[PDB]
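Structure below is target.txt: compact mmCIF, N, CA and C atoms and all ligand atoms.
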```txt
# COMPACT_ATOMS: atom_id res chain seq x y z
N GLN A 8 0.81 -1.21 0.00
CA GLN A 8 0.00 0.00 0.00
C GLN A 8 0.85 1.26 0.00
N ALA A 9 0.30 2.31 0.61
CA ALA A 9 1.02 3.56 0.82
C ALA A 9 1.78 3.57 2.13
N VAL A 10 2.33 2.42 2.53
CA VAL A 10 3.11 2.31 3.76
C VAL A 10 4.55 2.70 3.50
N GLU A 11 4.82 3.22 2.30
CA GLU A 11 6.05 3.98 2.13
C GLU A 11 6.01 5.29 2.89
N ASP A 12 4.84 5.68 3.41
CA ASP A 12 4.80 6.73 4.42
C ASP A 12 5.61 6.32 5.64
N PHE A 13 5.44 5.08 6.09
CA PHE A 13 6.21 4.60 7.23
C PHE A 13 7.70 4.70 6.97
N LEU A 14 8.15 4.17 5.83
CA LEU A 14 9.58 4.12 5.55
C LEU A 14 10.18 5.52 5.45
N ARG A 15 9.38 6.49 5.00
CA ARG A 15 9.86 7.87 4.89
C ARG A 15 10.06 8.49 6.26
N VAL A 16 9.00 8.57 7.06
CA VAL A 16 9.11 9.20 8.37
C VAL A 16 10.00 8.39 9.30
N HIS A 17 10.05 7.06 9.13
CA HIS A 17 10.95 6.26 9.96
C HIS A 17 12.40 6.66 9.73
N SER A 18 12.83 6.63 8.47
CA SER A 18 14.17 7.07 8.11
C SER A 18 14.43 8.50 8.59
N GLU A 19 13.43 9.38 8.47
CA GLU A 19 13.62 10.78 8.82
C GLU A 19 13.89 10.95 10.31
N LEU A 20 13.08 10.32 11.16
CA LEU A 20 13.31 10.45 12.58
C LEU A 20 14.60 9.73 12.97
N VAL A 21 14.84 8.54 12.41
CA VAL A 21 15.97 7.74 12.86
C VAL A 21 17.28 8.47 12.61
N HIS A 22 17.49 8.99 11.39
CA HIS A 22 18.79 9.60 11.14
C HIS A 22 18.95 10.87 11.96
N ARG A 23 17.86 11.60 12.19
CA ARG A 23 17.92 12.78 13.05
C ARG A 23 18.33 12.40 14.47
N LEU A 24 17.62 11.44 15.08
CA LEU A 24 17.94 11.06 16.45
C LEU A 24 19.30 10.39 16.55
N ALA A 25 19.75 9.73 15.48
CA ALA A 25 21.05 9.08 15.53
C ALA A 25 22.19 10.08 15.51
N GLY A 26 21.97 11.25 14.91
CA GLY A 26 23.06 12.17 14.68
C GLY A 26 23.85 11.91 13.41
N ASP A 27 23.25 11.19 12.43
CA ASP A 27 23.86 10.71 11.21
C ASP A 27 23.25 11.40 9.99
N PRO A 28 23.99 11.51 8.90
CA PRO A 28 23.39 11.93 7.63
C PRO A 28 22.54 10.80 7.07
N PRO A 29 21.58 11.11 6.20
CA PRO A 29 20.82 10.04 5.52
C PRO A 29 21.78 9.07 4.86
N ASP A 30 21.39 7.79 4.84
CA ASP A 30 22.24 6.70 4.38
C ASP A 30 21.41 5.76 3.50
N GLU A 31 21.78 5.62 2.24
CA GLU A 31 21.06 4.72 1.34
C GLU A 31 21.07 3.27 1.85
N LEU A 32 22.14 2.86 2.49
CA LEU A 32 22.20 1.51 3.00
C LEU A 32 21.17 1.27 4.09
N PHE A 33 20.90 2.25 4.92
CA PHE A 33 19.92 2.04 5.95
C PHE A 33 18.56 1.94 5.33
N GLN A 34 18.28 2.83 4.39
CA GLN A 34 16.99 2.83 3.71
C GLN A 34 16.71 1.48 3.03
N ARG A 35 17.73 0.94 2.38
CA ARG A 35 17.62 -0.34 1.69
C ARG A 35 17.33 -1.44 2.70
N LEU A 36 18.03 -1.41 3.83
CA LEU A 36 17.83 -2.41 4.87
C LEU A 36 16.45 -2.26 5.49
N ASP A 37 15.99 -1.03 5.65
CA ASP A 37 14.69 -0.77 6.22
C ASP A 37 13.62 -1.33 5.29
N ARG A 38 13.73 -1.09 4.01
CA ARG A 38 12.75 -1.65 3.09
C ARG A 38 12.79 -3.18 3.12
N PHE A 39 13.99 -3.77 3.22
CA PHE A 39 14.11 -5.23 3.31
C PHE A 39 13.45 -5.77 4.57
N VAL A 40 13.62 -5.08 5.70
CA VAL A 40 12.99 -5.51 6.94
C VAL A 40 11.47 -5.48 6.82
N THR A 41 10.91 -4.34 6.39
CA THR A 41 9.45 -4.23 6.29
C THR A 41 8.88 -5.24 5.29
N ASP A 42 9.62 -5.54 4.22
CA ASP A 42 9.13 -6.58 3.31
C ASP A 42 9.25 -7.96 3.93
N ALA A 43 10.29 -8.20 4.72
CA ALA A 43 10.44 -9.50 5.37
C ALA A 43 9.33 -9.73 6.39
N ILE A 44 8.87 -8.68 7.06
CA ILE A 44 7.78 -8.82 8.02
C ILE A 44 6.46 -9.05 7.29
N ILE A 45 6.34 -8.59 6.05
CA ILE A 45 5.12 -8.77 5.28
C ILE A 45 5.05 -10.17 4.68
N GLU A 46 6.18 -10.71 4.22
CA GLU A 46 6.21 -12.07 3.69
C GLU A 46 6.34 -13.14 4.76
N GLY A 47 6.69 -12.76 5.99
CA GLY A 47 6.83 -13.74 7.06
C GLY A 47 5.53 -14.42 7.43
N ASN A 48 4.40 -13.80 7.09
CA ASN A 48 3.08 -14.37 7.40
C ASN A 48 2.12 -13.94 6.31
N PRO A 49 2.00 -14.74 5.24
CA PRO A 49 1.04 -14.38 4.19
C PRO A 49 -0.40 -14.56 4.63
N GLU A 50 -0.65 -15.45 5.59
CA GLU A 50 -1.97 -15.63 6.17
C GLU A 50 -2.40 -14.43 7.00
N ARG A 51 -1.47 -13.54 7.35
CA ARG A 51 -1.74 -12.37 8.17
C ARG A 51 -1.00 -11.17 7.61
N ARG A 52 -0.93 -11.05 6.29
CA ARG A 52 -0.15 -9.98 5.67
C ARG A 52 -0.76 -8.61 5.98
N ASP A 53 -2.04 -8.43 5.66
CA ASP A 53 -2.65 -7.11 5.82
C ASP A 53 -2.77 -6.71 7.28
N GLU A 54 -2.83 -7.69 8.19
CA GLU A 54 -2.72 -7.38 9.61
C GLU A 54 -1.35 -6.79 9.94
N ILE A 55 -0.29 -7.33 9.32
CA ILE A 55 1.05 -6.79 9.52
C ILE A 55 1.17 -5.41 8.90
N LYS A 56 0.67 -5.26 7.67
CA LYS A 56 0.85 -4.01 6.94
C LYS A 56 0.09 -2.86 7.59
N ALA A 57 -0.99 -3.15 8.31
CA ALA A 57 -1.71 -2.08 8.98
C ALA A 57 -1.14 -1.76 10.36
N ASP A 58 -0.40 -2.70 10.97
CA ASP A 58 0.44 -2.32 12.10
C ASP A 58 1.43 -1.24 11.69
N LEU A 59 1.92 -1.29 10.45
CA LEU A 59 2.80 -0.24 9.94
C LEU A 59 2.05 1.07 9.77
N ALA A 60 0.81 1.00 9.29
CA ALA A 60 0.02 2.22 9.09
C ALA A 60 -0.16 2.97 10.41
N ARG A 61 -0.37 2.25 11.50
CA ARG A 61 -0.54 2.86 12.80
C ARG A 61 0.82 3.41 13.29
N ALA A 62 1.91 2.74 12.91
CA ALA A 62 3.25 3.22 13.23
C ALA A 62 3.68 4.35 12.30
N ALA A 63 3.26 4.33 11.06
CA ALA A 63 3.65 5.42 10.21
C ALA A 63 2.99 6.70 10.70
N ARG A 64 1.86 6.56 11.40
CA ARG A 64 1.14 7.71 11.92
C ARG A 64 1.81 8.19 13.20
N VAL A 65 2.39 7.24 13.93
CA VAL A 65 3.08 7.52 15.16
C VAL A 65 4.36 8.31 14.89
N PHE A 66 5.20 7.86 13.96
CA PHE A 66 6.41 8.59 13.61
C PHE A 66 6.10 9.93 12.96
N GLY A 67 5.02 10.02 12.19
CA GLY A 67 4.62 11.30 11.64
C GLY A 67 4.31 12.32 12.72
N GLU A 68 3.48 11.93 13.69
CA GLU A 68 3.20 12.81 14.82
C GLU A 68 4.46 13.13 15.61
N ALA A 69 5.35 12.15 15.78
CA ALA A 69 6.61 12.37 16.47
C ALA A 69 7.39 13.52 15.84
N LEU A 70 7.45 13.56 14.50
CA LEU A 70 8.18 14.63 13.84
C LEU A 70 7.53 15.99 14.06
N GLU A 71 6.23 16.02 14.40
CA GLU A 71 5.51 17.26 14.69
C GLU A 71 5.77 17.79 16.10
N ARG A 72 6.39 17.00 16.97
CA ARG A 72 6.66 17.42 18.34
C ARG A 72 8.14 17.71 18.53
N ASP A 73 8.45 18.35 19.65
CA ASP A 73 9.82 18.70 20.00
C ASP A 73 10.48 17.48 20.65
N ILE A 74 11.10 16.65 19.83
CA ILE A 74 11.68 15.39 20.27
C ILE A 74 13.13 15.37 19.83
N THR A 75 14.05 15.49 20.79
CA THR A 75 15.47 15.55 20.47
C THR A 75 16.21 14.26 20.81
N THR A 76 15.67 13.41 21.67
CA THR A 76 16.34 12.20 22.11
C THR A 76 15.39 11.01 22.07
N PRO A 77 15.94 9.80 22.06
CA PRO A 77 15.11 8.61 22.31
C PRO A 77 14.22 8.71 23.55
N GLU A 78 14.66 9.35 24.65
CA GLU A 78 13.79 9.44 25.82
C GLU A 78 12.54 10.26 25.55
N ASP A 79 12.69 11.40 24.86
CA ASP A 79 11.52 12.16 24.39
C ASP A 79 10.60 11.29 23.55
N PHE A 80 11.16 10.52 22.63
CA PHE A 80 10.31 9.70 21.78
C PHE A 80 9.60 8.62 22.59
N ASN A 81 10.31 8.00 23.55
CA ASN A 81 9.69 7.02 24.44
C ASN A 81 8.57 7.64 25.26
N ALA A 82 8.76 8.89 25.71
CA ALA A 82 7.71 9.58 26.45
C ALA A 82 6.52 9.88 25.55
N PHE A 83 6.78 10.25 24.29
CA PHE A 83 5.69 10.50 23.36
C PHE A 83 4.89 9.24 23.09
N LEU A 84 5.57 8.08 23.02
CA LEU A 84 4.87 6.81 22.89
C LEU A 84 3.92 6.58 24.06
N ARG A 85 4.38 6.77 25.29
CA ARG A 85 3.51 6.56 26.45
C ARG A 85 2.27 7.45 26.38
N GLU A 86 2.46 8.75 26.11
CA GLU A 86 1.33 9.65 25.89
C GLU A 86 0.42 9.15 24.78
N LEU A 87 0.93 8.30 23.88
CA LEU A 87 0.13 7.78 22.78
C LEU A 87 -0.69 6.57 23.21
N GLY A 88 -0.17 5.83 24.17
CA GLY A 88 -0.84 4.66 24.73
C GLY A 88 -0.11 3.39 24.39
N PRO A 89 -0.37 2.30 25.13
CA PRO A 89 0.27 1.01 24.87
C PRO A 89 0.17 0.44 23.47
N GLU A 90 -0.84 0.75 22.67
CA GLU A 90 -0.85 0.20 21.32
C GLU A 90 0.38 0.70 20.58
N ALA A 91 0.69 1.97 20.72
CA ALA A 91 1.83 2.49 19.96
C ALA A 91 3.16 2.07 20.56
N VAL A 92 3.24 2.00 21.89
CA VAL A 92 4.47 1.61 22.57
C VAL A 92 4.87 0.19 22.18
N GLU A 93 3.91 -0.72 22.22
CA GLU A 93 4.16 -2.12 21.87
C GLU A 93 4.46 -2.24 20.38
N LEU A 94 3.73 -1.46 19.59
CA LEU A 94 3.87 -1.42 18.19
C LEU A 94 5.32 -1.13 17.75
N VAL A 95 5.93 -0.08 18.31
CA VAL A 95 7.31 0.24 17.98
C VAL A 95 8.25 -0.86 18.46
N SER A 96 8.03 -1.36 19.68
CA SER A 96 8.95 -2.34 20.25
C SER A 96 8.79 -3.69 19.58
N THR A 97 7.61 -3.99 19.03
CA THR A 97 7.46 -5.19 18.22
C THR A 97 8.25 -5.06 16.92
N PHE A 98 8.08 -3.94 16.22
CA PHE A 98 8.81 -3.72 14.97
C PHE A 98 10.31 -3.70 15.19
N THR A 99 10.76 -3.04 16.26
CA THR A 99 12.20 -2.89 16.46
C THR A 99 12.86 -4.22 16.79
N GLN A 100 12.15 -5.11 17.48
CA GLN A 100 12.68 -6.45 17.72
C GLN A 100 12.62 -7.31 16.47
N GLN A 101 11.56 -7.16 15.66
CA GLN A 101 11.52 -7.85 14.37
C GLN A 101 12.62 -7.38 13.44
N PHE A 102 13.04 -6.11 13.54
CA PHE A 102 14.15 -5.62 12.74
C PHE A 102 15.39 -6.49 12.97
N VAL A 103 15.69 -6.78 14.23
CA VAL A 103 16.83 -7.63 14.56
C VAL A 103 16.58 -9.07 14.09
N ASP A 104 15.37 -9.60 14.33
CA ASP A 104 15.06 -10.99 13.95
C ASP A 104 15.19 -11.21 12.45
N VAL A 105 14.80 -10.22 11.65
CA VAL A 105 14.89 -10.36 10.21
C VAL A 105 16.34 -10.48 9.78
N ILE A 106 17.21 -9.67 10.39
CA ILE A 106 18.62 -9.71 10.03
C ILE A 106 19.19 -11.07 10.35
N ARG A 107 18.88 -11.57 11.55
CA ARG A 107 19.35 -12.88 11.97
C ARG A 107 18.69 -13.99 11.17
N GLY A 108 17.45 -13.80 10.73
CA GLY A 108 16.74 -14.83 9.97
C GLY A 108 17.19 -14.98 8.53
N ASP A 109 17.96 -14.03 8.01
CA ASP A 109 18.50 -14.18 6.66
C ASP A 109 19.72 -13.29 6.51
N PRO A 110 20.83 -13.64 7.18
CA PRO A 110 22.03 -12.80 7.09
C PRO A 110 22.64 -12.77 5.69
N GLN A 111 22.55 -13.87 4.93
CA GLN A 111 23.12 -13.84 3.59
C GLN A 111 22.32 -12.93 2.67
N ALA A 112 21.00 -12.81 2.90
CA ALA A 112 20.23 -11.87 2.09
C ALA A 112 20.60 -10.44 2.45
N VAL A 113 20.75 -10.15 3.74
CA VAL A 113 21.19 -8.82 4.12
C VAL A 113 22.55 -8.53 3.51
N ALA A 114 23.49 -9.46 3.68
CA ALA A 114 24.80 -9.34 3.04
C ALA A 114 24.66 -9.01 1.56
N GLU A 115 23.72 -9.67 0.87
CA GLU A 115 23.49 -9.43 -0.56
C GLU A 115 23.01 -8.01 -0.83
N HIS A 116 21.91 -7.61 -0.19
CA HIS A 116 21.35 -6.30 -0.47
C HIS A 116 22.35 -5.20 -0.15
N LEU A 117 23.04 -5.28 0.96
CA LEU A 117 23.93 -4.22 1.38
C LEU A 117 25.36 -4.29 0.90
N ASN A 118 25.68 -5.40 0.27
CA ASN A 118 27.01 -5.70 -0.18
C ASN A 118 28.02 -5.52 0.89
N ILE A 119 27.84 -6.27 1.96
CA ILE A 119 28.78 -6.27 3.06
C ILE A 119 29.04 -7.73 3.42
N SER A 120 30.05 -7.96 4.25
CA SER A 120 30.36 -9.31 4.69
C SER A 120 29.34 -9.78 5.73
N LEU A 121 29.33 -11.10 5.95
CA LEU A 121 28.49 -11.68 6.99
C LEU A 121 28.93 -11.25 8.38
N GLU A 122 30.23 -11.01 8.57
CA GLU A 122 30.68 -10.50 9.86
C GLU A 122 30.11 -9.11 10.12
N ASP A 123 30.04 -8.27 9.08
CA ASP A 123 29.42 -6.96 9.24
C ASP A 123 27.91 -7.06 9.42
N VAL A 124 27.26 -8.08 8.84
CA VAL A 124 25.83 -8.25 9.11
C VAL A 124 25.61 -8.60 10.57
N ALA A 125 26.54 -9.35 11.17
CA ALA A 125 26.43 -9.66 12.59
C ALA A 125 26.61 -8.41 13.44
N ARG A 126 27.50 -7.50 13.01
CA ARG A 126 27.64 -6.22 13.70
C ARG A 126 26.33 -5.45 13.72
N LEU A 127 25.60 -5.45 12.61
CA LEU A 127 24.30 -4.79 12.53
C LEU A 127 23.32 -5.38 13.53
N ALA A 128 23.18 -6.71 13.54
CA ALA A 128 22.28 -7.32 14.51
C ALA A 128 22.72 -6.98 15.92
N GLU A 129 24.02 -7.10 16.18
CA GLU A 129 24.53 -6.83 17.52
C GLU A 129 24.28 -5.38 17.90
N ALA A 130 24.55 -4.46 16.98
CA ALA A 130 24.32 -3.05 17.24
C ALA A 130 22.85 -2.77 17.52
N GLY A 131 21.95 -3.42 16.78
CA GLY A 131 20.53 -3.26 17.04
C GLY A 131 20.12 -3.78 18.40
N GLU A 132 20.67 -4.94 18.80
CA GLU A 132 20.34 -5.54 20.09
C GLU A 132 20.73 -4.61 21.23
N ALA A 133 21.94 -4.07 21.17
CA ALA A 133 22.43 -3.21 22.24
C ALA A 133 21.65 -1.90 22.29
N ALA A 134 21.29 -1.35 21.12
CA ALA A 134 20.47 -0.14 21.14
C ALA A 134 19.08 -0.41 21.71
N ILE A 135 18.50 -1.59 21.45
CA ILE A 135 17.23 -1.91 22.10
C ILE A 135 17.40 -1.91 23.62
N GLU A 136 18.46 -2.56 24.12
CA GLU A 136 18.69 -2.59 25.57
C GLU A 136 18.90 -1.19 26.16
N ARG A 137 19.50 -0.26 25.40
CA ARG A 137 19.66 1.11 25.88
C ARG A 137 18.38 1.93 25.79
N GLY A 138 17.29 1.35 25.30
CA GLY A 138 16.06 2.11 25.12
C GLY A 138 16.03 2.99 23.89
N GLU A 139 16.98 2.84 22.98
CA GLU A 139 17.04 3.68 21.78
C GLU A 139 16.43 3.02 20.55
N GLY A 140 16.10 1.74 20.62
CA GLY A 140 15.59 1.04 19.46
C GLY A 140 16.68 0.57 18.51
N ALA A 141 16.40 -0.51 17.78
CA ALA A 141 17.44 -1.12 16.96
C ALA A 141 17.80 -0.27 15.75
N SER A 142 16.84 0.47 15.19
CA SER A 142 17.12 1.23 13.97
C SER A 142 18.21 2.27 14.20
N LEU A 143 18.18 2.94 15.35
CA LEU A 143 19.22 3.91 15.65
C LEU A 143 20.57 3.21 15.79
N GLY A 144 20.60 2.08 16.51
CA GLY A 144 21.84 1.34 16.65
C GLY A 144 22.41 0.90 15.32
N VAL A 145 21.54 0.37 14.44
CA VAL A 145 21.97 -0.08 13.12
C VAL A 145 22.43 1.09 12.26
N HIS A 146 21.71 2.22 12.33
CA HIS A 146 22.12 3.42 11.58
C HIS A 146 23.56 3.80 11.92
N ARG A 147 23.88 3.84 13.21
CA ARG A 147 25.22 4.26 13.61
C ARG A 147 26.27 3.23 13.24
N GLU A 148 25.94 1.95 13.36
CA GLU A 148 26.95 0.94 13.06
C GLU A 148 27.21 0.89 11.55
N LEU A 149 26.20 1.18 10.73
CA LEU A 149 26.43 1.22 9.29
C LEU A 149 27.48 2.26 8.91
N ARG A 150 27.57 3.35 9.68
CA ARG A 150 28.59 4.36 9.39
C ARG A 150 29.99 3.82 9.62
N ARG A 151 30.20 3.12 10.73
CA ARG A 151 31.50 2.51 11.01
C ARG A 151 31.89 1.53 9.92
N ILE A 152 30.96 0.64 9.56
CA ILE A 152 31.23 -0.35 8.52
C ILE A 152 31.62 0.34 7.22
N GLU A 153 30.87 1.37 6.83
CA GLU A 153 31.24 2.14 5.64
C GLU A 153 32.63 2.74 5.78
N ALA A 154 32.95 3.29 6.96
CA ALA A 154 34.25 3.93 7.15
C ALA A 154 35.39 2.92 7.07
N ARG A 155 35.21 1.74 7.67
CA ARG A 155 36.27 0.74 7.64
C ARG A 155 36.54 0.23 6.23
N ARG A 156 35.51 0.16 5.40
CA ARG A 156 35.66 -0.34 4.04
C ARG A 156 35.91 0.78 3.03
N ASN A 157 35.07 1.82 3.03
CA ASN A 157 35.21 2.89 2.04
C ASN A 157 36.50 3.66 2.25
N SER A 158 36.64 4.31 3.40
CA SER A 158 37.85 5.06 3.74
C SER A 158 39.08 4.16 3.79
CL CL A 201 18.68 7.27 6.45
```
Would you mind writing the file out in structure tokens?
Amino acid sequence: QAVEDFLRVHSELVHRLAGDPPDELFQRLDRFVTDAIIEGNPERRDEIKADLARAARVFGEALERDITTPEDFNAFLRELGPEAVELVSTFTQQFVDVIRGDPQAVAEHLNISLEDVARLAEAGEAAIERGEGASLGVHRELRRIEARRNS
């Protein structure tokens, strides 16, 4: 559907909160994750895709508020209610699961080694534990990987 609204505002908030410039690799990985969550259950595809619609609305509203840190965003989720809080934390954990569920595909799309794909999953896991969400962790780790290889 028009859940490219989600991918737009998601990328927009994530790179802002991360402190990073926009990154085509993150965008590509983000699209791969959202597609993996849609194909993971064809018997419940539209149920999955509308969880994104409710999240694409959540990140859109987030961009309308004064949110400078993950803690602000976490507070905005609570003001939104448990549907949205669980919604983000479900997606952010699925982000890590998708990477682990097909590391060679991630390696393919991003043209990186499998060891660097493990860095992405690891970076996402640690950012979830810090309360920042996996997307921010993965955004920042993608910069290091680019620097070690490109530079
Ligand atoms: Cl980005």
ask   = What do you get as a VMD selection string if you pick all residues at most 6.5 Å from ligand CL 201 (chain A), counting only N, CA and C atoms and all ligand atoms?
value = chain A and resid 18 to 19 21 to 22 28 to 31 33 to 34
message = At a cut-off of 8 Å, using only C-alpha atoms, what residues contact residue A:24? Leave out same-chain residues fewer than 3 positions from it and give the result as a PyMOL selection string.
response = chain A and resi 20-21+27+75-77+143
Selection: 12 Å around stretch 117-129 of chain A, only C-alpha atoms, excl. self and same-chain fewer than 4 positions, as a short mmCIF file (atom, residue, chain, number, x, y, z; two decimals) with N, CA and C atoms, keeping the file's coordinate frame:
```cif
data_model
loop_
_atom_site.label_atom_id
_atom_site.label_comp_id
_atom_site.auth_asym_id
_atom_site.auth_seq_id
_atom_site.Cartn_x
_atom_site.Cartn_y
_atom_site.Cartn_z
N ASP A 30 21.39 7.79 4.84
CA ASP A 30 22.24 6.70 4.38
C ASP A 30 21.41 5.76 3.50
N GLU A 31 21.78 5.62 2.24
CA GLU A 31 21.06 4.72 1.34
C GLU A 31 21.07 3.27 1.85
N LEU A 32 22.14 2.86 2.49
CA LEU A 32 22.20 1.51 3.00
C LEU A 32 21.17 1.27 4.09
N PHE A 33 20.90 2.25 4.92
CA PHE A 33 19.92 2.04 5.95
C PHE A 33 18.56 1.94 5.33
N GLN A 34 18.28 2.83 4.39
CA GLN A 34 16.99 2.83 3.71
C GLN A 34 16.71 1.48 3.03
N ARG A 35 17.73 0.94 2.38
CA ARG A 35 17.62 -0.34 1.69
C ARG A 35 17.33 -1.44 2.70
N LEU A 36 18.03 -1.41 3.83
CA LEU A 36 17.83 -2.41 4.87
C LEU A 36 16.45 -2.26 5.49
N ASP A 37 15.99 -1.03 5.65
CA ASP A 37 14.69 -0.77 6.22
C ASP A 37 13.62 -1.33 5.29
N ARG A 38 13.73 -1.09 4.01
CA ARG A 38 12.75 -1.65 3.09
C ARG A 38 12.79 -3.18 3.12
N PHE A 39 13.99 -3.77 3.22
CA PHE A 39 14.11 -5.23 3.31
C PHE A 39 13.45 -5.77 4.57
N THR A 99 10.76 -3.04 16.26
CA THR A 99 12.20 -2.89 16.46
C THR A 99 12.86 -4.22 16.79
N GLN A 100 12.15 -5.11 17.48
CA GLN A 100 12.68 -6.45 17.72
C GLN A 100 12.62 -7.31 16.47
N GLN A 101 11.56 -7.16 15.66
CA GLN A 101 11.52 -7.85 14.37
C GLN A 101 12.62 -7.38 13.44
N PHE A 102 13.04 -6.11 13.54
CA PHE A 102 14.15 -5.62 12.74
C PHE A 102 15.39 -6.49 12.97
N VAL A 103 15.69 -6.78 14.23
CA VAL A 103 16.83 -7.63 14.56
C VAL A 103 16.58 -9.07 14.09
N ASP A 104 15.37 -9.60 14.33
CA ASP A 104 15.06 -10.99 13.95
C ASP A 104 15.19 -11.21 12.45
N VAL A 105 14.80 -10.22 11.65
CA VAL A 105 14.89 -10.36 10.21
C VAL A 105 16.34 -10.48 9.78
N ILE A 106 17.21 -9.67 10.39
CA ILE A 106 18.62 -9.71 10.03
C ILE A 106 19.19 -11.07 10.35
N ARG A 107 18.88 -11.57 11.55
CA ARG A 107 19.35 -12.88 11.97
C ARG A 107 18.69 -13.99 11.17
N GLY A 108 17.45 -13.80 10.73
CA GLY A 108 16.74 -14.83 9.97
C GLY A 108 17.19 -14.98 8.53
N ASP A 109 17.96 -14.03 8.01
CA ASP A 109 18.50 -14.18 6.66
C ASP A 109 19.72 -13.29 6.51
N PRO A 110 20.83 -13.64 7.18
CA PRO A 110 22.03 -12.80 7.09
C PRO A 110 22.64 -12.77 5.69
N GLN A 111 22.55 -13.87 4.93
CA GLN A 111 23.12 -13.84 3.59
C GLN A 111 22.32 -12.93 2.67
N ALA A 112 21.00 -12.81 2.90
CA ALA A 112 20.23 -11.87 2.09
C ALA A 112 20.60 -10.44 2.45
N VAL A 113 20.75 -10.15 3.74
CA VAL A 113 21.19 -8.82 4.12
C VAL A 113 22.55 -8.53 3.51
N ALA A 133 21.94 -4.07 21.17
CA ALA A 133 22.43 -3.21 22.24
C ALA A 133 21.65 -1.90 22.29
N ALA A 134 21.29 -1.35 21.12
CA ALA A 134 20.47 -0.14 21.14
C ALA A 134 19.08 -0.41 21.71
N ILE A 135 18.50 -1.59 21.45
CA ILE A 135 17.23 -1.91 22.10
C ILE A 135 17.40 -1.91 23.62
N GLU A 136 18.46 -2.56 24.12
CA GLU A 136 18.69 -2.59 25.57
C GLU A 136 18.90 -1.19 26.16
N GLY A 140 16.10 1.74 20.62
CA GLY A 140 15.59 1.04 19.46
C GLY A 140 16.68 0.57 18.51
N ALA A 141 16.40 -0.51 17.78
CA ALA A 141 17.44 -1.12 16.96
C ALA A 141 17.80 -0.27 15.75
N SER A 142 16.84 0.47 15.19
CA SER A 142 17.12 1.23 13.97
C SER A 142 18.21 2.27 14.20
N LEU A 143 18.18 2.94 15.35
CA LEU A 143 19.22 3.91 15.65
C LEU A 143 20.57 3.21 15.79
N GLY A 144 20.60 2.08 16.51
CA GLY A 144 21.84 1.34 16.65
C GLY A 144 22.41 0.90 15.32
N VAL A 145 21.54 0.37 14.44
CA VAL A 145 21.97 -0.08 13.12
C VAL A 145 22.43 1.09 12.26
N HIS A 146 21.71 2.22 12.33
CA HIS A 146 22.12 3.42 11.58
C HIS A 146 23.56 3.80 11.92
N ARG A 147 23.88 3.84 13.21
CA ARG A 147 25.22 4.26 13.61
C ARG A 147 26.27 3.23 13.24
N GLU A 148 25.94 1.95 13.36
CA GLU A 148 26.95 0.94 13.06
C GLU A 148 27.21 0.89 11.55
N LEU A 149 26.20 1.18 10.73
CA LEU A 149 26.43 1.22 9.29
C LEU A 149 27.48 2.26 8.91
N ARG A 150 27.57 3.35 9.68
CA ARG A 150 28.59 4.36 9.39
C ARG A 150 29.99 3.82 9.62
N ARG A 151 30.20 3.12 10.73
CA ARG A 151 31.50 2.51 11.01
C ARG A 151 31.89 1.53 9.92
N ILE A 152 30.96 0.64 9.56
CA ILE A 152 31.23 -0.35 8.52
C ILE A 152 31.62 0.34 7.22
N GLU A 153 30.87 1.37 6.83
CA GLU A 153 31.24 2.14 5.64
C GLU A 153 32.63 2.74 5.78
N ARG A 155 35.21 1.74 7.67
CA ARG A 155 36.27 0.74 7.64
C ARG A 155 36.54 0.23 6.23
N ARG A 156 35.51 0.16 5.40
CA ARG A 156 35.66 -0.34 4.04
C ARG A 156 35.91 0.78 3.03
N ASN A 157 35.07 1.82 3.03
CA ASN A 157 35.21 2.89 2.04
C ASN A 157 36.50 3.66 2.25
#
```
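Atom CA of residue A:10 is found 20.6 Å from atom CA of residue A:116.
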request  = Could you please write out, as a count of residues only, every residue of chain A that DSSP assigns to helix (DSSP H, G or I)?
outcome  = 125
query = Any idea what's packed within 10 Å of residue A:91, counting only C-alpha atoms, ignoring anything in its chain fewer than 3 positions away? Could you give it as a list in words?
reply = residues 58, 61, 62, 64, 65, 66, 83, 84, 85, 86, 87, 88, 94, 95, 96 and 97 of chain A
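Between atom CA of residue A:52 and atom N of residue A:70 the separation is 26.3 Å.
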request  = Can you work out the spacing between atom CA of residue A:93 and atom CA of residue A:81 in Å, to one decimal?
outcome  = 11.0 Å
ask   = Leaving out residue A:45 and any residue of its chain fewer than 6 positions from it, which residues lie within 7 Å of it when counting all atoms listed in the file, given as a ChimeraX atom specification?
value = /A:51-52,55-56
Set up a box along x, y and z of the file covering all listed atoms of stretch 143-156 of chain A, add 6 Å on every one of the six sides, and write the centre and edge lengths in Å to one decimal, as AutoDock Vina command-line options.
```
--center_x 27.4 --center_y 2.0 --center_z 9.8 --size_x 30.4 --size_y 16.7 --size_z 25.6
```
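With only N, CA and C atoms as the basis for measurement, A:63 is the residue among A:63, A:82, A:154, A:114 that approaches residue A:17 most closely.
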Keeping just C-alpha atoms, export stretch 135-150 of chain A of this structure as a PDB file, in the first residue's frame.
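Contents of decode.pdb, as written:
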```pdb
ATOM      1  CA  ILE A 135      17.234  -1.914  22.104  1.00  0.00           C
ATOM      2  CA  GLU A 136      18.695  -2.590  25.569  1.00  0.00           C
ATOM      3  CA  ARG A 137      19.658   1.114  25.881  1.00  0.00           C
ATOM      4  CA  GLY A 138      16.060   2.107  25.117  1.00  0.00           C
ATOM      5  CA  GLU A 139      17.037   3.681  21.778  1.00  0.00           C
ATOM      6  CA  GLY A 140      15.593   1.037  19.463  1.00  0.00           C
ATOM      7  CA  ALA A 141      17.436  -1.124  16.959  1.00  0.00           C
ATOM      8  CA  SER A 142      17.115   1.232  13.975  1.00  0.00           C
ATOM      9  CA  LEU A 143      19.222   3.908  15.649  1.00  0.00           C
ATOM     10  CA  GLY A 144      21.845   1.345  16.651  1.00  0.00           C
ATOM     11  CA  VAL A 145      21.974  -0.082  13.123  1.00  0.00           C
ATOM     12  CA  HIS A 146      22.116   3.416  11.579  1.00  0.00           C
ATOM     13  CA  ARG A 147      25.221   4.262  13.609  1.00  0.00           C
ATOM     14  CA  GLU A 148      26.945   0.942  13.056  1.00  0.00           C
ATOM     15  CA  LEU A 149      26.427   1.218   9.285  1.00  0.00           C
ATOM     16  CA  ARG A 150      28.592   4.359   9.388  1.00  0.00           C
TER      17      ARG A 150
END
```
